[PDB]
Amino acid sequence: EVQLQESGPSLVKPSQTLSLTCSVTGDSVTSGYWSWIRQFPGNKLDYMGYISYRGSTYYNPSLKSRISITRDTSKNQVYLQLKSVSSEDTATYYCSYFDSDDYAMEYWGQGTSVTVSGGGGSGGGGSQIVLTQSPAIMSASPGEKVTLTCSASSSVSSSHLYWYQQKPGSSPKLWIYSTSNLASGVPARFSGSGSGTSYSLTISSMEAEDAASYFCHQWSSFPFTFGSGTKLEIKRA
């Protein structure tokens, strides 16, 4: 009921100002937030910030000085602006929409990759909860019961702990909301559980289509964060 697409340069030179556009299409909305989230090579996800239905903005302290997210209702678009880019800003950028009143769904765009002309070598200050996913890579044969864990460095509200599945050439899809609730499109063979600083995702019976990457997410404390991630594979060469 809502679709998003990112557009902008695929390569930028240092010091230049990276600019991206998020074209939103679908039903109108009476609330919510539009976030920008980027993914670096290695697939680590970084929450950049958002702009709400009412224009309120929030930036990850780590980008504070260089970022700005603006909206343009008339043409149903939201923007990303990032100054003083460096090789550390190279990553595929995604925009996403979420309605606080509907914890169960999230919309992500295709994600346009952006690079910075090789090289690159500033005033935030903040704290954040670290999410650790071990093991990093895993193989299981079809039929095995699989369990993935997410360890938080500090307690988080279990209702704000989410899981995501992602496959090559595609963006993250909401898999589990509020520790143990499956999202739309998820086979019931999946389940989640946990509390405090300990959570886990479980697959009762491993299917070939479950091979992909899984990331846990925390939005109990600002800035929201994502886990290192677990890449799951199927055995048999």
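All residue numbers refer to positions in the sequence shown, first residue = 1.
According to the record, 4 to 9 deposited residues between residue 121 and residue 122 are left without atomic coordinates.
The question of which stretch, 28-36 or 202-210, has the higher mean Cα B factor is settled in favour of 28-36. Stretches 40-48 and 181-189 differ in mean C-alpha B factor, with the higher average recorded for 40-48.
Among 77, 132, 141, 155, the highest C-alpha B-factor recorded in the PDB entry belongs to 77. By the numbers in the PDB entry, the CA B factor is greatest at 83 among 160, 145, 83, 167. Among the modelled residues of its chain, residue 92 has a C-alpha B-factor that falls in the middle third according to the deposited record. Per-chain ranking of the deposited C-alpha B factor places residue 136 in the middle third.
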